[PDB]
Amino acid sequence: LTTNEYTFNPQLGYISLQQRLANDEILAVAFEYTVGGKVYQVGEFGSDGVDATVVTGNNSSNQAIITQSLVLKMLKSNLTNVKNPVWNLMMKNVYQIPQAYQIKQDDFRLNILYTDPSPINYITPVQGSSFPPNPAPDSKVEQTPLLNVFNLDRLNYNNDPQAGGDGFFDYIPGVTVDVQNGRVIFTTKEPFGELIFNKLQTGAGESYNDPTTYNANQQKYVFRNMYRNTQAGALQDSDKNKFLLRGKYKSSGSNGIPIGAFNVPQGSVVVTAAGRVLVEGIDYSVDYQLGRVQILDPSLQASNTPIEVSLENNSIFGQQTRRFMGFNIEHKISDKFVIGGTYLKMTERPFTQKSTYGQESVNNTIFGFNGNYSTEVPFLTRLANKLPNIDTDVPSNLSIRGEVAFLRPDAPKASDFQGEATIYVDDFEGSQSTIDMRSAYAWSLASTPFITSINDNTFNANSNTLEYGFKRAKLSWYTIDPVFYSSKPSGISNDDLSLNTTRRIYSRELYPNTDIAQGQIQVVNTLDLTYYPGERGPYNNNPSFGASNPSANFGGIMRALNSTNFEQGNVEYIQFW
Amino acid sequence: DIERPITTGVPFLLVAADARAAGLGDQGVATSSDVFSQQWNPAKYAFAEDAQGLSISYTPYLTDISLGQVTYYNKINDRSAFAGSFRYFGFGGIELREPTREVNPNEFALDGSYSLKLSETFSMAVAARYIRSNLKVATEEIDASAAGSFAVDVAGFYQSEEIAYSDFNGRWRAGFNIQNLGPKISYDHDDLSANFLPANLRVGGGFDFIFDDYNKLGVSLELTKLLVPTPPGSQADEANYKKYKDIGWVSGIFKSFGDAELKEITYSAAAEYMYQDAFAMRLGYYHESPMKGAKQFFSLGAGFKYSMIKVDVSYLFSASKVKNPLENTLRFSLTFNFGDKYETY
Amino acid sequence: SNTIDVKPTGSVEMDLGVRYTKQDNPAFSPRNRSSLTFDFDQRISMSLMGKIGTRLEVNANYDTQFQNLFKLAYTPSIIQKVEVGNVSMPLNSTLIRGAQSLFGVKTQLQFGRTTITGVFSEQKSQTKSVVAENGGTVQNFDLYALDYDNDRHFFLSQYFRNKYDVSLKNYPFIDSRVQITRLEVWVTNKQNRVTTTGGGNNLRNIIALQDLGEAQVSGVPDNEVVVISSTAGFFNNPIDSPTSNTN
Amino acid sequence: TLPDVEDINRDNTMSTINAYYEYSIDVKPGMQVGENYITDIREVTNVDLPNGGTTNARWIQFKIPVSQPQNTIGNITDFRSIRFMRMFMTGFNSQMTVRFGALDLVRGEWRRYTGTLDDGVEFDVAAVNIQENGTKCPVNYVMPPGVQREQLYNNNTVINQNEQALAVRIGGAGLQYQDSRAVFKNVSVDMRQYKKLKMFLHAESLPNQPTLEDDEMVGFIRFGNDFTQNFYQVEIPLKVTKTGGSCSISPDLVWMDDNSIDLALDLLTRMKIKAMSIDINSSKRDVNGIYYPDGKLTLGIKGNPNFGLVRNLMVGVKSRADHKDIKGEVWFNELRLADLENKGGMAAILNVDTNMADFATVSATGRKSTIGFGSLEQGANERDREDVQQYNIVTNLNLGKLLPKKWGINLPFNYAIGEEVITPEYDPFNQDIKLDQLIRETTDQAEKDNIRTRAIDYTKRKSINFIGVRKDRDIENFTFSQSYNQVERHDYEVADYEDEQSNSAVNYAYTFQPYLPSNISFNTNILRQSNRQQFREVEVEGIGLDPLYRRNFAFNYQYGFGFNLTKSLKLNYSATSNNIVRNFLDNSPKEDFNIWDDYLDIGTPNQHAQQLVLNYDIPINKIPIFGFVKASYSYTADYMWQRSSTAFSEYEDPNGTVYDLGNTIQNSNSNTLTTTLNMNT
Amino acid sequence: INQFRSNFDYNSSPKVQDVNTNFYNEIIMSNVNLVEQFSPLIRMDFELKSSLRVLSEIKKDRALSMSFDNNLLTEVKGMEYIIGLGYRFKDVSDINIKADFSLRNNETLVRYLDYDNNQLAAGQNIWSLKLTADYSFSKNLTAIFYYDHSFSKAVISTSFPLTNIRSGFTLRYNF
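Throughout what follows, the structure given in this document is the object of discussion. (Residues numbered from 1 in each chain as written, not as in the entry; some residues may be left out. Chains lettered and ligands numbered in written order. Part of a larger assembly, values for the part shown. Heavy atoms only, no water. Residues with missing side-chain atoms left out of burial classes, pairs and counts.)

Across its full length, chain C carries one helix and 15 strands. Taken over the C-alpha trace, chain C has a radius of gyration of 37 Å; the compact-globule value for 247 residues is 18 Å, which it surpasses by more than 25%. The principal-axis extent of the C-alpha atoms belonging to chain C is close to 110 × 65 × 30 Å. Out of the 247 residues belonging to chain C, those deemed buried represent 52%. When the accessible surface of chain C is totalled, it reaches about 11100 Å², and 52% of it is carbon and sulfur. Looking at charge distribution, chain C has the averaged site of its 24 positive side-chain charges lying 11 Å from that of its 23 negative ones. (Helix = DSSP H or I, 4+ residues; strand = E, 2+ residues; numbered from the N terminus. Rg over C-alpha atoms; globule rule 2.2 N^0.38 Å. Buried < 20%, exposed > 50% of the residue type's maximum accessible area, 1.4 Å probe, protein only. Areas by Shrake-Rupley, 256 points an atom, 1.4 Å probe, with all protein chains shown as cover. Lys, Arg positive; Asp, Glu negative; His and termini not counted. Charge placed at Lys NZ, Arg CZ, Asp CG, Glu CD.)

Here it is as structure tokens:
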């Protein structure tokens, strides 16, 4: 791995790979560090290791090539055994802030909560638990906020220690945060698992290595199965995954608030600064080409108020056809006083009647009123210029606006089920996602198999001599190419393309209920496996092969699966027809 | 929710390709003679009051797929005309994951039609199409090089001279079109499996009111019958489909009527309003059976004529049923006319 | 009344051609030899302007590369305006804030002083929003205990692992002395390729051991530090020495 | 065109290890739909061969469960590293062609639940499917009655989409008296607008087994946060579809309406309320603390689950056969939610804008909303669930206008008040119950007032500021400022919150004009930030948690000394400094402090950053012998000093001694000469 | 030298030899890269008598990348022949012809030192023959006949030599 395909905190010793090798790769390391004046090394480098190759000859028919291996250290093998300590070498205290950038301090608020029913941010005992008394000043899980419970808040704003803490996540750019890309790093090998155990512990009879000897209070919080078991495992240990850590990070905002839409349709943005809408030209300005709303309101500029912005983008690729029926009466009472209508009906049109959860259709109808009485108050302008040095005669206005805007929602009657507003939280239609395997070429010959155990030699599978493929018949895997069916090559009678082992199975036989598209492949390819248990197969110097009962020979074909870890793939069945 | 539709072989043929139609309810069978009328009623090329024209249309399918037609008519006498159309349904853009192979799937349908003027009122035309689909361009046990076939068309178009009614002196138009009549297509290149061609029996009429003699408003109706046998709705459940599939096309075109009523005839109505003949505002409602095709809409459209180029555009408000792949588009079509303005009586 | 002056501008392009392509991999059939697909391309990039009949007003912009616009206005001398195609419907309320980009019909009707502007049309937008605080675009995140980062962060040995949570008792000062000077990482080479511009073409056999280094730590048992089944006569250093090849 | 390596998966190594999982299909001439792993047979009768003939073909569908190996060859434990699927065909006597219509590793989405809710019980989870399993042996998969087929256009053609279900299949020794088996997925479904949660079910005896009776099977739809500590178990005693042999039972007898959950969600809340007053220790909590209240469901709750956090769906199969081994083939299907809340909303925006002739621009606002008001595009779970009472008041004055235009000033004086009062429709604890059903559920007013006070979200924000004050024309050309933002808030989480910002900048920026400095720039800005938080204790609304004080008291300033000493020297100089203030502490802060305490203080330094940039365009042209070289030179030097927070400055050894690990220093240089030497001799 | 290092082993000890046998070089390193490049080895702008524009470059380069881990170098090649070509038929009206032949070759030989095993590891022989000829029928209407031939070639045995040909006219109408 080039030095740009990973990082490493060169003081605590954890690699920070940049590609998430998670399909049973192998990942070795050789490194060299210095504890002060001494130099250590637990690998073997290229510029230190035994040379790559070593020849011991002069001609191609007497050379003796010797390649050499460069002993290293292993950080995760192919077969992810959970027991072995290479599993533990993986680091499970790094949480990646989703879609993060150089997350500068003061624009990053992290906060750990305990959503048992709902998000509460202090741990409570269970029915007489009463957490171990007289805690140290550091552990003290009695009422402390979760950031203090998790030893992740102990420093002031300036990163110098404070009594209980600043109340906020500490953000030490080496220790607790990888500022370049997300990655809040908790300051423990396994915070949720053993930090809480040792911080709730109530004696020495409790031990972390056996989940049966827990406090009955650290039996509800110690989430041991995400550290002693994979992430696809520990789904079955579900009663403990309630420690979400909400947070907020901000973008650069250097030029302006980057809305996230491009080529906005003009007059659409509505920047309600602190609840009150802002005027499109007096206190903010939009680019309309880049997003980048820019508040030129100096008081409201530097205020830290949450300026929210509604955008009305028009870059929807793949949405539902909407209809926008409506109108608005606009009556003019005596000048500078109007009244409004504004009936509106926005109706989605679902793709299918089976409106899934999240992709729901709306049928909303708003109808409102208006107001907007204007006036000049020359009384008040006179009051103004009846003051000290003030002189101006510029007019004064007292506009007054009001609205009501009732809303009545619905759901479009297309997406009804027997006269209702079903949403289909799970129609069991996405389950059973398949992975094809009848690719006639991706297979190949197979080693001689074992049958009952690793101890039987029914197929000579342990014979280390040439008596290894004696029991290999003449299996031949293939698919009858379409030339035979379409344009009969000279020699194959039409009574050969018809004997039920070579027929060009149409999909109208397997799947008579499926509606094949037009112009697409109507023909169900196969993976024919013609097995000849008397034909000597490929390589074997079987001397007799004439008394061998053909019910003893095999014919083998092995593939290589693209995706390992059927746990987190959830492979369940091997289907075939 | 449609039960038991009819798998009409190559389906791109049915969809309109222009804007003079498909902004008018997809009919064009009793619409005035125009450069687009080759998919709808090739007979009415004889009544074109120009010598020769050619046009390019385009429908985008914003799902970059596209459907584009290029036509050229040229009436030799004052009494006959030739025409040639070319529809191209393409999946514009492709790549095969270091030069990589480029494979554009496409379904062009070349076409050419003669149109003679039998009597002074209605004309008859005969057309021929080489349909060719190549959608399944692919690799390793799904072979490309899919074939097409040939289809014949027979169209009659009855223009009427003039009647000068009570206060609006309109004229009448009628016309029938027997669409694709060719041997069934086999995508898989077998003889034991082949899809019927999309034979149509579209019959339409229309009347246009005339105001000021160059300010006209014409309405019209079309009835489209899809002349393929309807599929039969489990040994019997297999034998019934076998009897459906072993039907010849010349006999299916005859049968065509053993549904299982039979009012699964798609009807469309539309109105023209062309002002001075260089501007037109097309309205049209199209309706198929919600059980036998599930497709209906409320097409709007407009058309402009600067000097000899007409720009026709149109939108396709989807009336009720399932998501139509063209509902938010603009069927942009464009024309060109040449000299020899003919005097249409 | 007269003066249909709709003057189109722009260009049109047709690309009627043939496209032959053939590979020569043997795995294909003898049928997939030499595909010969026709090819057809259009590049209509037009725009219409003009003011028909002194009242109507055409405007349009049709490009063959999403936002193809088509407005068709109208202005009488009881009917004020009738657009089609790019109606707006501004409707300044701050509660009933209607859409502003949408295809369809828009009318208007002045009955003395009671304008009844109404729109039927198809909205073509989404109305997404942001919550920009000081700076820009506060965007929240919500993780959990169990969805940490997958196998992408690794300790470098059991020594650093067991020393991690103790060297960080007082965060900013790290109670250690370590300094990883040099570090080489070796992954399985699933993509058989050779480069010079990637940094080099240096790749060797590897026999990466599991217990390489790992002098036994004081706290945890030996069965969790070292995988060797019998550690008897295996360690040749004290019970806390750092990871080196000679532990 | 690839060589025939002994390396299949291109890992570049061989991996001669043997860790298998065998799965042995038989190949016999019989094979009805029960025994080996068959699921369908789909016999065809008359296929048209190309020679005009006709054959009788079968399409026996095997479906082997990966999670039930028959043997294990070698030290294999679990399916975390699988590779090299190797099929081989033994036992035959002669020519044998097997044609795989679709060989497939099908991965579910539903994850069989392991653990008590291991004795031999073959629990399987397939998806019965109408396109494939329309010919199954026990019962043909017929779509449930109301369910349509979900039309769709591929390219100018309808394409009937698919329909599936689940195939929770019990075998082996079968379930015991209450040992159940379940299947769970994960979700964030918020079912609080919709008023009924209902899904079909289907029961079936097993082929070649003792037929089930019309009991001893249940719906068992644990949902909510959890599977053993927070859930809403719906249940239903199924009744088997009586099979006779037709194998094509009609849809109304497959998907019986007695095996179809209804479960109006408004009953779950009353169950939750009835069970809040029934402790976790009692005999009501039956065995696993499920509290069955002892239509046709037997609902159960175990500890206040939620809606909107309905993660961990678990559909399953639980036995209630008093003494028998159950072996069923339950199908689950469409799990939709019934009709929703069509009630509406209401808003009352009222704005008031005034002017006082260029002097004051007092605005005012205020908008009152109700539960359910959003916008048109607002979905069903995102419209509104909070009564809201915004108001705002901005009072931009212009104080400089009060004095004469001579010696004019710019005192803007923005002043903004305003706040939010929000009451959620649902109380922020027991998220699914509403505030009303809990305020009207107890006569414990000491606790009733804990409720509806731990739920009234409240803010308030003051903002005074004088941004832009200066005297328009060592002259009087400063530029002052001042800003002050207070925020208070006492929502459900924080009992009281406090923010104070008090930026107080000031700038100089002379910019000289004719060896003296060409420019001078300077500026300071006190930045005080003060925050309090008291996270409320939701049990009793009394004292709450300890307050947490954040303080960012900082002073910091700039310089700049742009000199143009000659025509061939352009040396700038921009120092900067940023020191902190620590009036408010050792490590025990002072909860007696103030933002407007000693304010012009200049505390301890925190960062100091020099910077120098001198450019010298080498006056060698003066020498009238080398006047052909455009030699320049540039030297930017930098310097920075960090503070190294007190965890270093008074690090104390475990020996007890306190060291001082100092605070770092940095340089940098950018020597840069770019000569020309235009040969002009 | 992409990154040289200081060797901790070349310190002071009485241990001057490494594993195989060497003297612990002071400057560890890896991947010494000699990059040679004739960018236009020759370029021959050839504006001819009437109008026969010609521009025939010849690019070329080598990328020796010897790595000291395995001690085997990797040589890469250039050979990017190019032949531009332009002409204008007159008043037939005017017909502008362009022709852009090009031929890119490559190699990625991995050469061992201690025995002759210099083995190929990549490559290309792509040559393309774009060729256009356009003709205007009026101020508005133009046509252009284009012909884009292209042929790859198997340098390594996993490339599947392509040959693909675009042709046909393209009209053009400028309003």
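Turning to the overall build of chain B, a few remarks are in order. Tallying secondary structure elements over chain B gives two helices and 16 strands in all. At 21 Å, chain B has a C-alpha radius of gyration in line with the 20 Å of a compact globule built from 345 residues. Out of the 345 residues belonging to chain B, those deemed buried represent 59%. Split by element, the accessible area of chain B, about 13300 Å² in all, is 60% carbon and sulfur. Each charge sign in chain B was given a centre, from 32 positive and 42 negative side chains, and these centres are 3 Å apart.

This paragraph deals with the sheet that holds strand 2 (residues 27-33) of chain A. Strands sit in the order 5(A)-2(A)-15(C) across an open sheet of three strands; the sheet is antiparallel. Each having just a single partner strand, strand 5 (73-76) of chain A together with strand 15 (180-187) of chain C make up the two edges of the open sheet. On average, each strand axis in the sheet is inclined to that of its neighbour by 35°, with strand direction left out of account. As judged from the seven bridges shared by strand 2 of chain A and strand 15 of chain C, these two strands associate in the antiparallel manner. Bridge pairing in strand 15 of chain C places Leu-27 of chain A opposite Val-187 of chain C. (Pairing = 2+ DSSP bridges. Axes fitted to C-alpha atoms, helices over the stretch in contact; angles between N-to-C directions.)

Attention now goes to the pattern of salt bridges. What the rule picks out here adds up to 73 salt bridges over all chains. Residues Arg-152 of chain C and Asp-149 of chain C are paired through a salt bridge, measuring 3.1 Å at the closest nitrogen-oxygen approach. For the pair formed by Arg-152 of chain C and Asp-149 of chain C, the shared burial category is buried. Between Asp-215 of chain D and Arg-320 of chain D there is a salt bridge, with the nearest N and O atoms lying 3.3 Å from each other. Using a relative accessible area of 35% as the deciding quantity, one classes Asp-215 of chain D as partly exposed. (Salt bridge = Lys/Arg side-chain N within 4 Å of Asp/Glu carboxyl O.)

Below, the discussion takes up the packing of aromatic side chains. One pair of aromatic rings is described through two measures. These are the centre distance and the angle between the planes. What the rule picks out here adds up to 109 aromatic pairs over all chains. Ring centres 6.4 Å apart and planes at 20° place the aromatic pair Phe-223 of chain D and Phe-307 of chain D in the stacked group. Across the pair, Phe-307 of chain D and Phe-223 of chain D agree in class, each one buried. One aromatic cluster is present, formed by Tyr-95, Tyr-114, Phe-131, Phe-150, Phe-186, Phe-192, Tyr-221 and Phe-243 of chain A through successive ring pairs. Here the basic side chain of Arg-154 of chain A rests over the ring of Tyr-171 of chain C, its NZ or CZ set 5.4 Å away from the ring centre. Seen from the ring of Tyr-426 of chain D, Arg-192 of chain D lies directly overhead, with NZ or CZ sitting 5.0 Å from the centre. (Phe/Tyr/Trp six-rings, centres within 6.5 Å; stacked < 30°, edge-to-face > 60°. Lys NZ or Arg CZ within 6 Å of the ring centre and 35° of its normal.)

The subject of this paragraph is the interface of chain D and chain A. Accessible area lost during the coming together of the parts is what is often quoted as the interface size. Counting residues at the interface gives 195 residues for chain D and 185 residues for chain A. Interface area for chain D against chain A, summed over the two sides, is near 16900 Å², with a carbon-plus-sulfur share of 56%. The largest share of the area that chain D buries against chain A comes from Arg-80, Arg-99 and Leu-376 of chain D, three residues that together contribute 6% of it. The interface formed by chain D and chain A includes eight salt bridges. A salt bridge links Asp-391 of chain A to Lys-405 of chain D, with the shortest nitrogen-to-oxygen separation between them at 2.8 Å. On inspection of chain D and its partner chain A, the count reaches 75 residue pairs in polar contact. The residue inventory of the side of chain D that touches chain A, partitioned by class, reads 84 nonpolar, 66 polar and 45 charged. As defined by bridge partners, strand 23 (residues 433-436) of chain A adjoins strand 6 (residues 104-107) of chain D across four bridges and the pair is classed as antiparallel. Directly across from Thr-434 of chain A, in strand 6 of chain D, lies its bridge partner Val-106 of chain D. (Contact = heavy atoms within 4.5 Å. Buried area = accessible area lost by both parts, 1.4 Å probe. Polar contact = N/O pair within 3.5 Å; in protein donor to acceptor, adjacent residues only side chain to side chain. Nonpolar A, V, L, I, M, F, W, Y, C, P; charged D, E, K, R; others polar.)

Let us now look at the environment of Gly-91 of chain D. Position of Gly-91 of chain D among the secondary structure elements: in the loop between strand 5 (86-88) and strand 6. Classification of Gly-91 of chain D by relative accessible area gives partly exposed; the value is 43%. Sequence-wise, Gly-91 of chain D and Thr-114 of chain D are 23 residues apart; in three dimensions their C-alpha atoms are separated by 36 Å. Not counting the four nearest positions on each side in its chain, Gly-91 of chain D is found in contact with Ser-551 and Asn-553 of chain A.

Residue and element names in this part refer to chain D. The topology assignment puts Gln-486 in strand 23 (residues 483-489). Of the polar contacts made by the side chain of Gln-486, one reaches the side chain of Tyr-484; its length is 2.2 Å. Each residue touching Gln-486, except ones within four places of it in the same chain, is listed here: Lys-460, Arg-461, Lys-462, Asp-499 and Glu-500.

Positive phi is not limited to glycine here, since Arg-504 of chain A has a value of about 60°. Considering the arrangement of structural elements, one finds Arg-504 of chain A in the loop between helix 6 (482-486) and helix 7 (507-510). According to the relative accessible area criterion, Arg-504 of chain A is buried, its value standing at 8%. Positive phi is not limited to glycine here, since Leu-91 of chain C has a value of about 60°. For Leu-91 of chain C, a relative accessible area of 8% puts it in the buried group.

Further remarks concern the sheet that holds strand 18 (residues 337-340) of chain A. Backbone hydrogen bonds hold the strands of a sheet together, and the pairing may be parallel or antiparallel. Ordered in space as 18(A)-17(A)-10(C), the three strands form an open sheet in which the pairing is antiparallel. Pairing within the sheet leaves two strands with one partner each, and these edge strands are strand 18 of chain A together with strand 10 (114-115) of chain C. Summarising the sheet, strand 17 (residues 330-333) of chain A and strand 18 of chain A pair through four bridges and their orientation is antiparallel. Its bridge partner being in strand 18 of chain A, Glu-330 of chain A is matched across the sheet by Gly-340 of chain A.

With that out of the way, let us pick up the pairing of strand 4 (residues 61-65) of chain D. Counting buried positions along strand 4 of chain D yields five of five residues, so the element is predominantly enclosed. Burial along strand 4 of chain D is two-sided: the residues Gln-61, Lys-63 and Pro-65 of chain D and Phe-62 and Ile-64 of chain D are all buried. Two elements, strand 27 (residues 571-576) of chain A and strand 4 of chain D, share four bridges in a ladder whose sense is antiparallel. Bridged to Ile-574 of chain A within strand 4 of chain D is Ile-64 of chain D. Bridge count between strand 1 (residues 38-40) of chain D and strand 4 of chain D: two bridges; the pairing is antiparallel. From the neighbouring strand, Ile-38 of chain D faces strand 4 of chain D, where its bridge partner is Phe-62 of chain D.

Another point: helix 2 (residues 265-276) of chain D. All names here are of chain D. Under the 1.5 Å per step criterion, the end-to-end length of helix 2 is 17 Å for 12 residues, consistent within 8% with the ideal 16 Å. Along helix 2, the positions that sit buried rather than exposed are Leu-265, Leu-268, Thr-269, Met-271, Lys-272, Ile-273 and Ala-275. Where helix 2 is buried, its residues contact strand 11 (232-233), strand 12 (300-301) and helix 3 (435-439). (Expected span 1.5 Å × (residues − 1).)

Here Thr-157 of chain D is to be found in the loop between strand 7 (121-126) and strand 8 (167-172). Since its relative accessible area comes to 13%, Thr-157 of chain D is described here as buried. The contact partners of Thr-157 of chain D, leaving out residues within four places of it in the chain, are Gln-518 of chain A, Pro-11 of chain B together with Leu-152 of chain D.

This brings us to the pairing of strand 6 of chain D. Relative to strand 6 of chain D, strand 27 of chain A runs antiparallel, the two being bridged by four bridges. Across the sheet, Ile-574 of chain A pairs through a bridge with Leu-105 of chain D, a residue of strand 6 of chain D.

Moving on, we get to a nonpolar patch on the surface. A cluster of nonpolar residues, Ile-76, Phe-82, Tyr-114, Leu-116, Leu-118, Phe-122 and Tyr-158 of chain B, forms a patch on the protein surface that exposes about 610 Å² of accessible area. With respect to the helices, strands and loops of the structure, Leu-118 of chain B is situated in the loop between strand 4 (109-116) and strand 5 (122-132). (Patch = residues over 30% accessible without salt bridge, like charges linked within 9 Å, V, L, I, M, F, W, Y side chains within 5 Å.)

Keep in mind that these numbers describe shape and distance, not what the molecule does.
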